[PDB]
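Novice: 3D model of this:
(chains A and B)
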Amino acid sequence: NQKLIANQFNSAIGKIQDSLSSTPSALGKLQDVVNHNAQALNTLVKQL
Amino acid sequence: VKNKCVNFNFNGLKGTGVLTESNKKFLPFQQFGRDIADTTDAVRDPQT
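Specialist: Residues are numbered from 1 along each chain as shown, chains lettered A, B, ... in the order given. I have put the structure below:
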C-alpha cells in the first residue's frame, strides 16, 4: 500500500503547517517560558 | 554636553548618562519622559 501511505503522510505533513499556523495555544508551552521570565524580571525592576 | 557620559541635573531631575538627539515629540506641557520599567529615558532641555 506504499502509494496511499505516502500520500497520507504527505497530506498530514501538509495539515501540520495549518494547525500549528492558526490555533493560539499550539506554541503555548514555549511562550509561557518566555513570558514567565519577563514578568519575573519586571517585578524585580518594579520592586526597586 | 552631548555624546559624552556626564553627571546631569536638569530642572531638578538628576541623572548620569549619555545625551543624544531623539526621534520622539513631547507634548507642550509634558517636560520629562519615561519608559516601561519607569526609567527616565528622555528630557527636554529647559532653556532650548
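Novice: What count of nearby residues applies to residue B:12?
Specialist: Residue B:12: 7 surrounding residues under other Cβ atoms under 10 Å in any protein chain shown. Using the backbone N, CA and C atoms, a C-beta is placed for each residue, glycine as well.
Novice: secondary structure class for it?
Specialist: Here residue B:12 takes the coil state, with states given by DSSP: H, G, I helix; E, B strand; the rest coil.
Novice: Same question for the one 4 residues further on.
Specialist: The three-state assignment at residue B:16 reads strand, by three-state DSSP.
Novice: List phi and psi for the closest residue to it other than its chain neighbours.
Specialist: Distances taken as Cβ to Cβ, 6 or more residues apart in numbering or on different chains place residue B:7 nearest to residue B:16, at 5.1 Å, with adjacent residues excluded. For residue B:7, the backbone dihedrals (degrees, to the nearest 10) come out as phi -80, psi 130.
Novice: Kindly report the same for residue A:17.
Specialist: According to degrees, to the nearest 10, residue A:17 has phi -60, psi -50.
Novice: What's the separation between it and chain B?
Specialist: 34 Å (Cβ to the nearest Cβ, to the nearest Å).
Novice: number of nearby residues for residue B:41?
Specialist: 14.
Novice: can you tell me which residues contact it?
Specialist: Taking Cβ atoms under 8 Å, 6 or more residues apart in numbering or on different chains, we find residue B:41 in contact with B:33-35.
Novice: out of those, who has the most neighbours?
Specialist: Going by other Cβ under 10 Å, residue B:33 tops the contacts of residue B:41 with 14 neighbours.
Novice: The contacts of residue B:41 in strands, which ones?
Specialist: residue B:33 (DSSP state E).
Novice: with the contacts of residue B:41 in mind, which one is nearest to residue A:12?
Specialist: Comparing those against residue A:12 with Cβ to Cβ picks out residue B:35 as the nearest, at 46.5 Å.
Novice: so what's the closest one up against?
Specialist: residue B:41 are the contacts of residue B:35 under Cβ under 8 Å, 6+ apart.
Novice: and the gap between it and residue A:45?
Specialist: Using Cβ to Cβ, to the nearest Å, residue B:35 is found at 11 Å from residue A:45.
Novice: Thanks again, I'm all set now.
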